[PDB]
Amino acid sequence: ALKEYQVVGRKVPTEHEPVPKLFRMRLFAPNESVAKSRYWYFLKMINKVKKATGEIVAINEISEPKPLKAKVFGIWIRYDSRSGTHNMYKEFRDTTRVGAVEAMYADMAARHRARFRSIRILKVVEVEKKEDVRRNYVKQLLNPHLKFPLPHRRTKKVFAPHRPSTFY
Amino acid sequence: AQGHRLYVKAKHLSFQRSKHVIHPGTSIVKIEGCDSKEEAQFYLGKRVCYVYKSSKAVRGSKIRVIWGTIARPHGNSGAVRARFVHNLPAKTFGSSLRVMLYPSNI
Amino acid sequence: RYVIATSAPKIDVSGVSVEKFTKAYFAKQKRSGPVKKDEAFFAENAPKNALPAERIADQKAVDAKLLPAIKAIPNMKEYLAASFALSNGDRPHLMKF
Amino acid sequence: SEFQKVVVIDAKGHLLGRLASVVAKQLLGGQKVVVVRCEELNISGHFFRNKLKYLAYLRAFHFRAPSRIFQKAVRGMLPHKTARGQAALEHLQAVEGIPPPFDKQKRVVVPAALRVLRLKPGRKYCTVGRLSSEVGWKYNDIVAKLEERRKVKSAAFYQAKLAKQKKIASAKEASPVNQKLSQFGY
Amino acid sequence: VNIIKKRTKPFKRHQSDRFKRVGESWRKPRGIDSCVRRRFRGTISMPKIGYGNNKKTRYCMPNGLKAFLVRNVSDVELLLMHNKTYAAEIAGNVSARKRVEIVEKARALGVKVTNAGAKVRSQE
Amino acid sequence: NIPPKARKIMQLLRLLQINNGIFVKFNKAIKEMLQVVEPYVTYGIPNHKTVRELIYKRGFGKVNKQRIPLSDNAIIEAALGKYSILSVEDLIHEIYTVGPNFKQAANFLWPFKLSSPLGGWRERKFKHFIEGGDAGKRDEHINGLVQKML
RNA sequence: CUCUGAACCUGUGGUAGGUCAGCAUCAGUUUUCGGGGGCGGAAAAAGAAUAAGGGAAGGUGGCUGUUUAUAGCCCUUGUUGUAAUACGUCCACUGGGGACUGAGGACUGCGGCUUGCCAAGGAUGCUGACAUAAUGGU
RNA sequence: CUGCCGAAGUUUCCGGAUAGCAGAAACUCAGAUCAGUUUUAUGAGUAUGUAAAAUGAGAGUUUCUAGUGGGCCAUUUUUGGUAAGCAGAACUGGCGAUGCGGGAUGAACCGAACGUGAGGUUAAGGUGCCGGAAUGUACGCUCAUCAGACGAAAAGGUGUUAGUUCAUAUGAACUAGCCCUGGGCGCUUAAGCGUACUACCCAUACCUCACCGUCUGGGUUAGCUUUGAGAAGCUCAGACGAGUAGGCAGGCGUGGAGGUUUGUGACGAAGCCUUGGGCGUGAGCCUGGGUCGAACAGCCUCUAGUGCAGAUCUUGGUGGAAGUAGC
RNA sequence: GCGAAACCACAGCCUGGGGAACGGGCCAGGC
RNA sequence: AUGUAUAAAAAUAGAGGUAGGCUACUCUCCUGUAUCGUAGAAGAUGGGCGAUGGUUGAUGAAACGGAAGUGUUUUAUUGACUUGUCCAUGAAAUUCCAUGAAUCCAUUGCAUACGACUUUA
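Protein chains in written order, with this note's numbering: chain A, 1 to 168; chain B, 169 to 274; chain C, 275 to 371; chain D, 372 to 557; chain E, 558 to 681; chain F, 682 to 831.
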């Protein structure tokens, strides 16, 4: 299960700079070991700050403030592929920001055969406004007349005596 | 009518084997009616027997019994591992077995 | 270990003394008898065993102090007469005793 | 779960591979399995797809009967080179339609092999008997004719059983003992 | 104290069942390309020191006693103090005149004899 | 299939067998020495229970070049009494808090011959811990793995 | 007189070995179910209850638009509170079930109870049946 | 016959003398040194060598003495290549001396390196059936009328799936994935592919125990009524276990000799036969029954014409081909 | 009716894959 | 062997039952963890009461069942059992698990490696 970790890190003080800058990042990882490692990847990737010259000063797991209210989340990712340069924006409807990312990691792997290492989520933001939704399926999920038939569940107890009802 | 049947019907499936190596010391027994490893915990330690017949009679009885005891579950589908006083013959695959209710803890 | 304790209603047993039921009370009578050579030793005119009336006398007391208890509640007399058995589709692990 | 000494399976709407795998595993368990209505077995995929699959097989003895098609699938899932897999095959009887000895016996189904519970809606599937009709089998027309004849007789028996069942059902509530001690869930 | 035997089957020479000219007595396979020497799967076992039996129960018969070969009455008298550890075994070449006197002497000494009823009958 | 460079290092950590475990002093020299053998070893920060349970169940002293279990305080006292270590909780205290006599206390212990983890490793064992495997540094998750090997 | 378990009579006194089984109390190893508690985490997040304020909705009432009505929802504080729960971690806290082993052979030791006793430097009890078959072997 | 050690398969000069590798003996040492170690820092040019902190192991010799004195594959580095491939060197290990689980199968791939066993747990790989283990959960992708499952290959597609972006609900241009075209049985909201999480299967691997052996470290005599001094004995503890060439140790068996068993034998020696029994890891040994008919063995030592499956071995006997070719 | 000799590890269906030939022994299929 | 116990069809993305006169109804499904059956020295001996029914055996049977009917019923009488509701005795010391044609034949040609083949006989 993924967890949203808030990681704050900075370079160690030296004679050149008395006080260093503080960098905070939000990223998703199963355990704090992965989050700290991914956080160091981004700073090197971005600020070109060495891990050996820096340290992690704060780590904190973040829980969903409103996990009982359905929301729509917009997610931006960067893709490393055969071309090695791509960027896409996707929308998901759920109750937990972490749940969107787990669902997000599912479709990239399903469609684009992508991996956890390649994807670097730039930003996740809740899209409260219905008009801001750019995806048709979410818009269909936002109508006041949501009522649809059941998707088939294809459910030892071998050798049933009677034909199953397989209906409502 | 209605017999006695103070036991539970079971079947001998195979030995504790890998793909190419068999271990006849332990036999895999399917206690029919048990469908998961948690359910198999009830039958652990019970006495299981293989009742068969031989044409030659001993003490006026043509029925011979090999006694065993259920040791541990095997897999997620309620199959168990049983060790018998004599290793069960390889020809008794698919043959029936009787799982007693003793020793009892209920 | 060779007994299944059913959850049937209890029977009043405090009214019957059970101090006489010790290990020696049920202990098998010692295999003895100074049989001299021949007769039963060789000719095999062996004696026979029989339960003494003392065991029956104590037994006759326990049902005297137990039968009213089982008669007070319904079906108890018919319950103990029947013999337990397993029918088709009976799962001992699931169904409660 | 619980087993029987002999099992009659209705192969109407059962996938060929799924049913054969369960049957082959049951045969190695010592059970006796009889599969009826082998000509109504269904296989996932277009009827064109299985026609060329069978046509490729045509290009040993190429059996055309649907029952022998099902037996071939069951045979491949058994250690037929050894005696244990040889005895398992002799414990299986695959027939088309419902012969009289199994006509008046309970016919169970395998939900793990049912097409409705295992195939996506709208997917094209082919019937084994229908598929075998254009490969050499020439008894499909008569087999259907007996099937409707059996259904009419079977339906008449069901009405007789249902009408008889109404009598005990009506008398079930007539007896006060039912209502007096129904606290046991019965 | 129970006697445990690590193995009861003997170690037969490889390919001894295919040829009469090759005896059953164990011979170490010297062939380099031999599957038996390299100990593949399905190849027979070889005598290893791991099969060696417990020192305390070594040389012990299934009844718990150690065999002691006896050729005359003088041999059987040596087991006066060791009658709970050793069993007298009369040699095969000892005549029936001496076999009877060894058995009668071993009876008073409380010594088990492994072949006490050989080359003799009884007369009650 | 171990390169000679990593083979020597694991011999300096007394890790000559699979599943063997030892206590090390996390300093500069040990840090990058472990970086060489990252694909072959896993390590982390042991809590108090991990240090206490390993000493109590798998604790074996090296008494006169022999593997003598710590079944008596007089065993530890006879071999570590020179450093004011007299009991088993004193041995645990020296290991856990890394006292002034950590080198002698750690070297006194035989390498912990652990069993296979109950429940097994992850699906892929030789990937790095961050990548989803079992090798490499794993912080406090070493306790959950040691609990599987006891 | 002592001794000869010395022969026999009288003892009807006692105590009774090998293979295979069952159980109990234990020890070593191990597996699998529970119960209780401490601590940490935003001193969980929620949430209910809840005194308010504001807002809009996929809009109740009024009438798509509308703002609590003749349904309610969201946000914020307040709110009982020191909530509960989940998760993580810990208990030298505890209750069962299963399996495999019993090496050693007077006493020593380390401990716990109170000389003795003990789950403390490795299994003993209580029974049976068969033995005159079972156990095995070929 | 068993047990314990155990290479090298190549530097260098040049068939060799060296050396290296592997052992033996005598020496001096654990308060001394050492390392296919990692550092620190000095310098020098992210690395480099040197000098001096961590970690591990007691180290350094001297003398003489067996074998090797081919390579294959793989990794990396490589120089040129050049239809393209490739070739060439070098760098490094594995196999070559090595079985085991998986990999359909297979010698180079994935795990793992080996005394005899009981129990437990795993690795790699797996859980529809063959086959031990979820026809497990949660998402998606895929319809093939050759999928998938384990070079014509670029691309095209009135082929899709998700779609993005831009134009004004549509269309265009695009973004990728997959399909079409270019081990078995069987599977198709999978028993396919990708991701995540539980459960489960089992190696000679790991853990606990028992036993064998070896190595190592101890204890043991006014020989104490614990009696356990074949001191060549007894005893306690820990570790370890592949193995070709080769090195070393202890044992089994055969003919004859000295000694011994106050030895066995016509009441049956030796030999042979046996689905009789027992002992030993083994070489082998003991024994019952049958057959047989005159000699023979255990122990200490001595001795040698002393142990066979092979030599297109020697001698003898005997088969299938064969009642064949045929006469 | 009389009557050999050569030869003789053992065997004897295919199909593929099995890298070293592998088909005659091995693995998955038919017989 | 150990209850060797169970006959709709049909859709499933809707069906069946139920009822009215194919059009309008209703109810159930959501599996069998169901239903039937089951008490006794494996099931004793009587007294009953109560069913005066039920459970069946035995034969004597007619009908139905082609497919592979080989079994479903309908019974007729008789034989018993009945734990439906109750009683009175009984079963144990095993005193803790082991439980007449054809072929050959002759004939035969109709046949042709050989029989076979082919009638007659």
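All residues carry an ideal CB built from backbone N, CA and C; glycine is no exception.
Within 9 Å of any Cβ in chain F, is that where the Cβ of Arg117 (chain A) sits? yes
Within the segment 11–65 of chain A, ranges of the alpha helix (DSSP H) (whole runs, at least 4 residues): 32–45
In chain order, what residues of the same chain lie with their CB nearer than 8 Å to the CB of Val277 (chain C), ignoring the 5 residues before and after it? none
Closer than 9 Å, CB to CB, is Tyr353 (chain C) near chain B or not? no
In this structure, does DSSP put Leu398 (chain D) in helix, strand or coil? helix
Mind checking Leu423 (chain D): buried by the 16 CB within 10 Å criterion, or exposed? exposed
Going by C-alpha to C-alpha distance, which of B:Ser245, B:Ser272, B:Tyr218 sits closest to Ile234 (chain B)? B:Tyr218
Using CA coordinates, which residue listed in E:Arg654, E:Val668, E:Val670, E:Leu666 is at the minimum distance from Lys676 (chain E)? E:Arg654
Listing by chain order, which chain F residues have their CB less than 7 Å from the CB of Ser37 (chain A)? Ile811
CB-CB under 8 Å to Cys592 (chain E), same chain, minus the five flanking residues each way: which ones, in chain order? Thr600
Given a cut-off of 9 Å, decide if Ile121 (chain A) and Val101 (chain A) are closer than it, judged by their beta-carbon atoms. yes
Contact between the segment 257–267 of chain B and the segment 174–193 of chain B is defined here as three or more beta-carbon pairs at a separation below 8 Å; is this criterion met? yes
Three-state class that DSSP yields for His774 (chain F) in the structure shown: helix
Which word fits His571 (chain E), buried or exposed, when buried means at least 16 other C-beta atoms lie within 10 angstroms of its C-beta? buried
Rounded distance between the beta-carbons of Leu43 (chain A) and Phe28 (chain A), thought under 8 Å: The pair is not a contact, with the Cβ atoms about 17 Å apart (cut-off 8 Å).
Between the C-alpha atoms of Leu795 (chain F) and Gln698 (chain F), what's the straight-line distance to the nearest angstrom? 10 Å
Classification of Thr498 (chain D) by the beta-carbon crowding that lies within 10 angstroms, buried from 16 upward: buried
Starting from the N-terminal side, write out each stretch of the beta strand (DSSP E) that is 3 residues or longer and does not extend beyond the segment 83–140 of chain A. 86–94, 123–126
For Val72 (chain A) versus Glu126 (chain A), is the C-beta distance shorter than 9 Å? yes
Taking buried to mean at least 16 other C-beta atoms within 10 Å of its own C-beta, is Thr731 (chain F) buried or exposed? buried
Quick check on DSSP: helix, strand or coil for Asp80 (chain A)? coil
What residue range does the alpha helix (DSSP H) around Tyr529 (chain D) cover? 511–545
With a threshold of 9 Å between beta-carbons, can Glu32 (chain A) be considered close to chain F, or not? yes
How far does the alpha helix (DSSP H) with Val660 (chain E) in it extend, from its first residue to its last? 653–665
Three CB pairs or more closer than 8 Å across the segment 207–225 of chain B and the segment 301–321 of chain C: no
Meets three-Cβ-pair contact criterion under 8 Å: the segment 477–484 of chain D and the segment 388–396 of chain D: yes
Please state whether the Cβ-Cβ distance between residue 838 (chain F) and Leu735 (chain F) is less than 9 Å. Chain F is shown from 682 up to 831; residue 838 (chain F) falls before or after that span and cannot be answered.
Name the residue from B:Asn273, B:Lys221, B:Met268, B:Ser195 whose alpha carbon lies nearest to the alpha carbon of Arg240 (chain B). B:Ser195
Buried/exposed call for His242 (chain B), threshold 16 Cβ in 10 Å: buried
Is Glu518 (chain D) close to chain B? Criterion is C-beta to C-beta, closer than 9 Å. no
With 16 other CB atoms within 10 Å as the buried threshold, where does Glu467 (chain D) fall? buried
8 Å Cβ cut-off: residues of chain B touching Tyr276 (chain C): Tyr270, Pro271, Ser272
Minimum C-alpha distance to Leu412 (chain D) - residue among D:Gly456, D:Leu429, D:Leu387, D:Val379: D:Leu387
Measure the alpha-carbon distance for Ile756 (chain F) versus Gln785 (chain F) and round it to whole angstroms. 14 Å
Three-state secondary structure assigned by DSSP to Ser186 (chain B): coil
Quick one: using the 10 Å Cβ neighbour count with 16 as the cut-off for buried, is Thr155 (chain A) buried or exposed? exposed
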